[PDB]
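Trainee: Quick one: this structure, given as structure tokens, is what I'll be asking you about.
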Number of protein chains: 2
Amino acid sequence: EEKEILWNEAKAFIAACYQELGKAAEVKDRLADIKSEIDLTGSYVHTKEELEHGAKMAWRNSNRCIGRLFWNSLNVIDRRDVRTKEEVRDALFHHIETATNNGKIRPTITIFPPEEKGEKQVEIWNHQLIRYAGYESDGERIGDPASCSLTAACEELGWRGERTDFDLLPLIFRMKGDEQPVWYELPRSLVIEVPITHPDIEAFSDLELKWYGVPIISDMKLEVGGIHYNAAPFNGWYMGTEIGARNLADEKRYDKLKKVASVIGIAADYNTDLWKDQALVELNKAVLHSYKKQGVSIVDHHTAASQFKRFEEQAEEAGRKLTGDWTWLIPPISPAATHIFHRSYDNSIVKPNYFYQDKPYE
Amino acid sequence: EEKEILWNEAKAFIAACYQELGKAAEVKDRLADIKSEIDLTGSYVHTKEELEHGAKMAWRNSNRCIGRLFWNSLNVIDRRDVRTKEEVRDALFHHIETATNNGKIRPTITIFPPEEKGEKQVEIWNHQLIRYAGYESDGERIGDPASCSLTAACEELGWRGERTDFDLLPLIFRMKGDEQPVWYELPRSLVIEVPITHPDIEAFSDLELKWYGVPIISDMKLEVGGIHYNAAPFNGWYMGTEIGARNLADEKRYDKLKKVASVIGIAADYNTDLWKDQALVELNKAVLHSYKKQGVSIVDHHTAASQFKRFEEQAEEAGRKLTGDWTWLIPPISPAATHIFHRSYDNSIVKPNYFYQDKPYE
Ligand code: HEM
Ligand code: HEM
Ligand SMILES: Cc1cc(N)nc(CCCCCO[C@H]2CNC[C@H]2Cc2cc(C)cc(N)n2)c1
Ligand SMILES: Cc1cc(N)nc(CCCCCO[C@H]2CNC[C@H]2Cc2cc(C)cc(N)n2)c1
Ligand SMILES: C[C@H](O)[C@H](O)[C@H]1CNc2nc(N)[nH]c(=O)c2N1
Ligand SMILES: C[C@H](O)[C@H](O)[C@H]1CNc2nc(N)[nH]c(=O)c2N1
Ligand SMILES: [Cl-]
Ligand SMILES: [Cl-]
């Protein structure tokens with residue numbers, strides 16, 4: 001059934017992909033070659049055109065993503081040729097550099113060799129390529145609590161964090177055949193960070209907040225035509241609310257709202273004063289202002305939602321069904337001020353797509 | 001099958017209701033009487049205890065409602081005895097007066113005779129007992145656009161609005177047997193309104209905003225044990241966001257955000273300034289402040305969510321499954337700052353409950 005699962009997905013993908021590429025006539029012949037290769041090898045190999053378009057379709061099908069308007073301009077890097085951990089590291093270093101692009105972020109995905117017998121060739125441990133470490137012991141919380149388990153795993157492997165609130169985690173990944181992953185410190189010259197200041201409130205810098213420039217998801221599986229690319233890190237630029245309303249604001253993350261309240265000079269004593277809402281707004285203004293000032297790409301949730309409306313319109317104009325997860329698409333701030341809040345979305349899974357997979361640690 | 005639908009719902013309801021009331025032993029006998037009455041009369045009649053508890057269960061089961069902690073203190077008024085339009089009017093007038101309670105709002109439901117053969121005895125046309133009229137003609141929008149169709153229906157029937165932005169709609173309802181509904185102007189001495197001022201910003205009063213004190217939903221059907229109470233208006237007190245983030249803020253309602261932006265002295269030119277978010281917050285602070293100052297009950301979304309958490313805890317402690325609609329339970333402002341945002345809810349329909357029904361007009 002597994003090989004049958006493969007061939008069925010291949011048939012569906014090649015048909016769709018080639019139709020979109022105006023290569024419909026070449027489907028019959030290509031499917032034959034694939035059919036044979038599966039019979040002989042137990043799998044098949046994507047052409048570079050299929051791989052690139054597959055990765056683009058996969059972004060297009062990501063129900064939780066508000067930024068899908070730009071699916072067709074995804075920059076795809078084909079690293080199916082890597083065999084060594086040095087090559088994997090260098091490819092990850094390169095992805096960070098080219099995606100960052102001096103602040104003018106390029107949505108990029110780097111694609112590593114796919115699973116074979118469900119057997120990974122490269123197993124990435126990071127959730128994102130750039131993220132801050134987290135610590136908890138003896139009442140003291142330091143850094144990003146969402147990073148606590150990975151951080152402790154890294155520190156098993158001989159890495160030691162400086163225990164600032166913003167330690168950059170090393171890259172950590174395991175090669176097929178090795179029992180233990182390896183880790184490499186990120187070159188700081190590769191990592192753009194943005195200090196959070198406020199356009200009007202000078203004391204905001206007293207909070208000494210910052211965030212990294214580029215979110216590069218490295219823990220999802222890209223599935224294209226029955227082929228499982230478990231190692232395929234991808235990035236966009238941030239929507240401000242991800243940083244201001246969640247990473248910095250959540251009680252189980254950096255939990256900064258009371259401190260924000262204090263520096264903007266409002267009491268944090270009464271629910272009816274809406275101090276949390278006010279703090280959220282100013283913190284989010286600060287995030288957008290700070291990124292813009294440093295020349296690092298970012299989008300506000302209003303512009304993003306307007307782009308998403310265009311994505312919806314394009315979909316219908318092209319005759320593609322639109323799928324979406326309403327619960328993730330709405331921004332965590334002023335959701336009812338976007339059109340997304342006022343309609344519904346079909347949450348069906350369409351492939352190609354990006355999927356969660358089990359962590360290799362804890 | 002219809003009578004069978006009735007008996008099945010009756011069996012389920014009486015069992016559950018009596019179990020909760022510690023009247024389990026009396027189920028067998030009561031179900032017999034009901035079984036007979038259905039055979040003979042084509043329906044059955046609730047005892048006052050069943051009716052009251054049914055209405056309370058129905059609130060408890062309302063998946064979209066954040067304010068369910070107080071389900072068991074619902075004030076139930078039994079008006080199954082009304083036969084005339086004067087009695088219906090007087091009962092509606094009374095509901096407004098006793099629910100308002102000089103600003104100290106009492107969650108109340110008044111229950112009118114139920115449908116018979118699916119035939120209504122009393123057909124209420126209002127969406128809420130107190131609501132503002134809406135007009136649209138020749139480019140000019142006046143009042144609440146959500147009221148446009150009902151307003152035009154009222155004006156067919158000989159009513160004429162003053163065409164301020166806050167005309168109180170008359171009560172409008174039809175009696176079984178009459179071809180046309182009747183309407184009655186609301187006595188203004190019965191209707192508490194709150195002028196919207198801001199605690200810090202004196203110019204906010206220049207907007208000349210107000211809202212009514214008590215939301216009294218009059219267009220839903222209460223269903224209890226297979227009995228359809230189509231006319232059963234109910235009220236709570238407002239959560240501020242309903243007024244500040246929707247009624248006054250929505251583009252398709254009062255659309256006040258630009259005016260709010262101007263009076264609080266911020267530009268409304270750039271998405272990245274988050275002026276809509278800031279305007280939303282100040283408008284919502286104003287709403288809470290204004291209601292509190294006038295001694296009219298209201299709750300902020302933070303306190304409401306804290307109460308809902310207690311509702312969740314009570315449910316589990318009492319062994320009842322909890323049902324909820326995540327998409328309605330999250331507040332439209334700072335949703336991720338409430339616990340609701342961070343969990344999921346089962347959206348199953350449990351009866352008794354309140355249901356939408358078709359409008360009698362347009
Ligand atoms: C170009 C800028 C982009 C923006 C502004 C953007 C925005 C977002 C946002 C706000 C989320 C919600 C995540 C959260 O709530 O934590 C999201 C989720 C997601 N985005 Fe995008 N995105 C972008 C590019 C991309 C790219 C390039 C891909 C992949 C090729 C992608 C795939 C996804 C996926 C798979 C999710 C769901 C992740 C999960 O379930 O954990 N997005 N996006
Ligand atoms: C005591 C104060 C109450 C508060 C603060 C409250 C709060 C809310 C809120 C915020 C909503 C969402 C409505 C919207 O988004 O427009 C809602 C919906 C609802 N509430 Fe409550 N509520 C209260 C009392 C009641 C009572 C007394 C009942 C009935 C006995 C009730 C039944 C419902 C129902 C049925 C809905 C959904 C209405 C619909 O689908 O249109 N609530 N409530
Ligand atoms: C590509 C991209 C662009 C952009 N602007 N923003 C993003 C954000 C990606 C969000 C992924 C992080 O999600 C975490 C934090 N909220 C829920 C949780 C979801 C999750 C769980 C697991 C097990 C893995 C995973 N990758 N993601 C990604
Ligand atoms: C009892 C109560 C207390 C409280 N604090 N708030 C409420 C608000 C009730 C909301 C009902 C109004 O809902 C309208 C506006 N948003 C969606 C729409 C839903 C709707 C549609 C229809 C056809 C009928 C109806 N009653 N409700 C009710
Ligand atoms: C139908 C569509 O999901 C719509 O935007 C919903 C979303 N959640 C909501 N939540 C509440 N409380 N009230 C509403 O009117 C709506 N509207
Ligand atoms: C799982 C639960 O619904 C949770 O609160 C969701 C809600 N919507 C979300 N939406 C976004 N964009 N990101 C998230 O992490 C979540 N979390
Ligand atoms: Cl992030
Ligand atoms: Cl309302």
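Ordering of the structure tokens sets the chain letters (A, B, ...), residue numbers begin anew at 1 in every chain, and ligands are numbered from 1 in the order given.
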Could you list, as a ChimeraX atom specification, all residues that come within 6 Å of ligand 2? Count only C-alpha atoms and all ligand atoms.
Mentor: /B:59,62,64-67,107,234-239,328,354
Trainee: Got a sec to check which residues lie within 9 Å of ligand 7, using only C-alpha atoms and all ligand atoms, and send them as a ChimeraX atom specification?
Mentor: /A:128,131,214-217,238,242-243,246-247
Trainee: Keeping only C-alpha atoms, write the selected residues to a file as an mmCIF file, in the first residue's frame.
Mentor:
data_model
loop_
_atom_site.group_PDB
_atom_site.id
_atom_site.type_symbol
_atom_site.label_atom_id
_atom_site.label_comp_id
_atom_site.auth_asym_id
_atom_site.auth_seq_id
_atom_site.Cartn_x
_atom_site.Cartn_y
_atom_site.Cartn_z
ATOM 1 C CA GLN A 128 13.679 27.932 13.654
ATOM 2 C CA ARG A 131 15.808 31.455 17.882
ATOM 3 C CA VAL A 214 14.022 36.526 9.970
ATOM 4 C CA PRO A 215 11.712 33.645 10.990
ATOM 5 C CA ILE A 216 13.020 30.465 9.338
ATOM 6 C CA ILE A 217 10.832 27.442 10.163
ATOM 7 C CA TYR A 238 7.378 38.751 10.051
ATOM 8 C CA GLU A 242 3.758 37.631 15.748
ATOM 9 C CA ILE A 243 6.431 39.508 17.685
ATOM 10 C CA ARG A 246 2.788 36.806 21.009
ATOM 11 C CA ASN A 247 6.588 36.328 21.277
#
Trainee: What's the separation between atom CA of residue B:253 and atom CA of residue B:147, in Å to one decimal place?
Mentor: 9.4 Å
Trainee: Write out as a count of residues only the residues lying within 7 Å of stretch 222-230 of chain B, counting only C-alpha atoms and excluding same-chain residues fewer than 2 positions away.
Mentor: 16
Trainee: Which chains and residue numbers are within 10 Å of ligand 5, counting only C-alpha atoms and all ligand atoms, if I want them as a short mmCIF file (atom, residue, chain, number, x, y, z; two decimals) with C-alpha atoms, in the first residue's frame?
Mentor:
data_model
loop_
_atom_site.label_atom_id
_atom_site.label_comp_id
_atom_site.auth_asym_id
_atom_site.auth_seq_id
_atom_site.Cartn_x
_atom_site.Cartn_y
_atom_site.Cartn_z
CA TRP A 326 -9.93 31.02 10.28
CA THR A 327 -8.52 30.54 13.80
CA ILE A 330 -7.22 36.28 12.15
CA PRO A 335 -9.11 40.93 14.35
CA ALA A 336 -12.59 42.33 13.66
CA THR A 338 -9.87 42.84 9.00
CA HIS A 339 -12.12 41.20 6.38
CA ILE A 340 -10.87 37.76 7.45
CA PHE A 341 -12.82 37.99 10.73
CA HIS A 342 -16.10 38.54 8.85
CA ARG A 343 -16.06 35.50 6.54
CA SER A 344 -15.47 31.77 6.87
CA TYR A 345 -12.82 29.47 5.37
CA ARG B 64 -21.43 31.47 21.57
CA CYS B 65 -21.93 33.00 25.02
CA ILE B 66 -18.95 34.07 27.17
CA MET B 239 -19.53 43.12 27.41
CA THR B 241 -16.39 45.11 23.15
CA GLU B 242 -19.85 44.41 21.75
CA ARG B 246 -18.52 46.21 16.82
CA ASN B 247 -21.70 48.34 17.12
CA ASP B 325 -17.90 28.20 19.73
CA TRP B 326 -14.27 29.38 19.80
CA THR B 327 -14.93 31.86 16.97
CA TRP B 328 -17.57 33.71 18.98
CA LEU B 329 -16.09 33.25 22.47
CA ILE B 330 -12.86 35.12 21.71
CA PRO B 331 -13.23 38.87 22.24
CA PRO B 332 -12.68 41.03 19.13
#
Trainee: For a quick test of understanding: name the residues of chain B lying within 10 Å of chain A when counting only C-alpha atoms, and present them as a PyMOL selection string.
Mentor: chain B and resi 199+240+245-246+249-251+257+270-282+284-289+292+298-304+326-327+331-337+341
Trainee: Go ahead and dump the residues you just picked, N, CA and C atoms, as a compact mmCIF listing (two decimals), in the first residue's frame.
Mentor:
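Written out: part06.txt:
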# COMPACT_ATOMS: atom_id res chain seq x y z
N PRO B 199 -12.43 58.95 29.88
CA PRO B 199 -11.92 59.34 31.21
C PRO B 199 -10.85 60.45 31.17
N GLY B 240 -18.25 45.16 27.06
CA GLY B 240 -17.92 46.41 26.39
C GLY B 240 -17.58 46.31 24.90
N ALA B 245 -16.27 47.66 19.97
CA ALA B 245 -15.46 47.05 18.92
C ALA B 245 -16.31 46.62 17.73
N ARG B 246 -17.63 46.69 17.88
CA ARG B 246 -18.52 46.21 16.82
C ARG B 246 -19.63 47.23 16.47
N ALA B 249 -17.94 50.51 15.92
CA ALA B 249 -16.68 50.46 15.14
C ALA B 249 -16.78 49.86 13.73
N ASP B 250 -17.68 48.89 13.55
CA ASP B 250 -17.75 48.18 12.27
C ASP B 250 -18.07 49.13 11.13
N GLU B 251 -17.45 48.91 9.97
CA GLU B 251 -17.70 49.74 8.80
C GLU B 251 -19.16 49.67 8.39
N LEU B 257 -14.39 54.76 13.67
CA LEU B 257 -12.96 54.74 14.00
C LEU B 257 -12.14 55.97 13.54
N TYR B 270 -1.70 55.91 7.98
CA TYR B 270 -0.82 54.77 7.72
C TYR B 270 -1.22 53.51 8.50
N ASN B 271 -1.31 52.38 7.81
CA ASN B 271 -1.60 51.10 8.46
C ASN B 271 -0.59 50.80 9.57
N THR B 272 0.68 51.10 9.31
CA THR B 272 1.75 50.78 10.25
C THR B 272 1.70 51.58 11.57
N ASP B 273 0.90 52.64 11.61
CA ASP B 273 0.74 53.42 12.84
C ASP B 273 -0.23 52.74 13.80
N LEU B 274 -0.90 51.70 13.30
CA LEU B 274 -1.91 50.97 14.05
C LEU B 274 -2.98 51.91 14.63
N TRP B 275 -3.31 52.97 13.89
CA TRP B 275 -4.32 53.92 14.34
C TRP B 275 -5.69 53.27 14.59
N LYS B 276 -6.04 52.25 13.82
CA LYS B 276 -7.34 51.61 14.06
C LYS B 276 -7.33 50.86 15.38
N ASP B 277 -6.20 50.22 15.67
CA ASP B 277 -6.08 49.46 16.90
C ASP B 277 -6.12 50.41 18.09
N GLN B 278 -5.37 51.50 17.98
CA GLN B 278 -5.34 52.50 19.05
C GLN B 278 -6.72 53.13 19.25
N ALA B 279 -7.38 53.49 18.16
CA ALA B 279 -8.73 54.04 18.22
C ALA B 279 -9.69 53.05 18.88
N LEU B 280 -9.58 51.78 18.49
CA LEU B 280 -10.43 50.74 19.07
C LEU B 280 -10.28 50.69 20.59
N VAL B 281 -9.03 50.73 21.05
CA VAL B 281 -8.76 50.63 22.48
C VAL B 281 -9.35 51.81 23.25
N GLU B 282 -9.09 53.03 22.77
CA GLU B 282 -9.62 54.22 23.46
C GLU B 282 -11.14 54.25 23.43
N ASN B 284 -13.02 51.70 23.36
CA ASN B 284 -13.49 50.68 24.30
C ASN B 284 -13.29 51.07 25.75
N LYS B 285 -12.25 51.87 26.02
CA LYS B 285 -12.04 52.38 27.37
C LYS B 285 -13.20 53.32 27.68
N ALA B 286 -13.55 54.15 26.70
CA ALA B 286 -14.63 55.12 26.85
C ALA B 286 -15.96 54.44 27.16
N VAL B 287 -16.27 53.39 26.41
CA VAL B 287 -17.50 52.64 26.66
C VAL B 287 -17.58 52.13 28.10
N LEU B 288 -16.53 51.46 28.59
CA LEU B 288 -16.53 50.92 29.94
C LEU B 288 -16.64 52.04 30.97
N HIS B 289 -15.88 53.10 30.74
CA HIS B 289 -15.88 54.22 31.66
C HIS B 289 -17.27 54.86 31.73
N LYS B 292 -19.94 52.59 33.59
CA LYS B 292 -19.64 52.58 35.01
C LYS B 292 -20.05 53.90 35.65
N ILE B 298 -22.09 46.50 33.16
CA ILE B 298 -21.30 46.18 31.97
C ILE B 298 -20.11 45.36 32.46
N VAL B 299 -19.50 44.56 31.57
CA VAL B 299 -18.29 43.82 31.94
C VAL B 299 -17.23 44.03 30.85
N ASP B 300 -15.96 44.09 31.23
CA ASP B 300 -14.90 44.15 30.22
C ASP B 300 -14.57 42.73 29.79
N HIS B 301 -13.93 42.58 28.63
CA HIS B 301 -13.69 41.24 28.08
C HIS B 301 -12.70 40.42 28.90
N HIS B 302 -11.86 41.09 29.69
CA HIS B 302 -10.89 40.36 30.51
C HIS B 302 -11.59 39.69 31.69
N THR B 303 -12.44 40.46 32.37
CA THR B 303 -13.18 39.96 33.51
C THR B 303 -14.13 38.88 33.03
N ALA B 304 -14.79 39.15 31.91
CA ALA B 304 -15.71 38.18 31.32
C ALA B 304 -15.00 36.87 31.05
N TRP B 326 -15.50 28.61 19.66
CA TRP B 326 -14.27 29.38 19.80
C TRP B 326 -14.34 30.70 19.03
N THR B 327 -14.95 30.68 17.85
CA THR B 327 -14.93 31.86 16.97
C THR B 327 -15.77 33.01 17.50
N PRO B 331 -12.86 37.46 22.40
CA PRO B 331 -13.23 38.87 22.24
C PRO B 331 -12.57 39.46 21.00
N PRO B 332 -13.24 40.42 20.35
CA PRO B 332 -12.68 41.03 19.13
C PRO B 332 -11.51 41.96 19.45
N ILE B 333 -11.19 42.11 20.73
CA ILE B 333 -10.04 42.94 21.09
C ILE B 333 -9.08 42.25 22.05
N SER B 334 -7.79 42.27 21.72
CA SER B 334 -6.77 41.48 22.41
C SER B 334 -7.19 40.04 22.72
N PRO B 335 -7.71 39.30 21.73
CA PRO B 335 -8.17 37.94 22.06
C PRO B 335 -7.08 37.06 22.66
N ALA B 336 -5.85 37.18 22.19
CA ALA B 336 -4.78 36.32 22.68
C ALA B 336 -4.37 36.62 24.14
N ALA B 337 -4.95 37.66 24.72
CA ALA B 337 -4.70 37.98 26.12
C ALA B 337 -5.71 37.29 27.05
N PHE B 341 -8.56 32.08 23.88
CA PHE B 341 -7.78 32.02 22.65
C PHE B 341 -6.87 30.80 22.60
Trainee: Using only C-alpha atoms and all ligand atoms, pick whichever of A:219, A:20, A:358, A:37 has the shortest atom-to-atom distance to ligand 1.
Mentor: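 So, comparing all the options, the nearest one is A:219.
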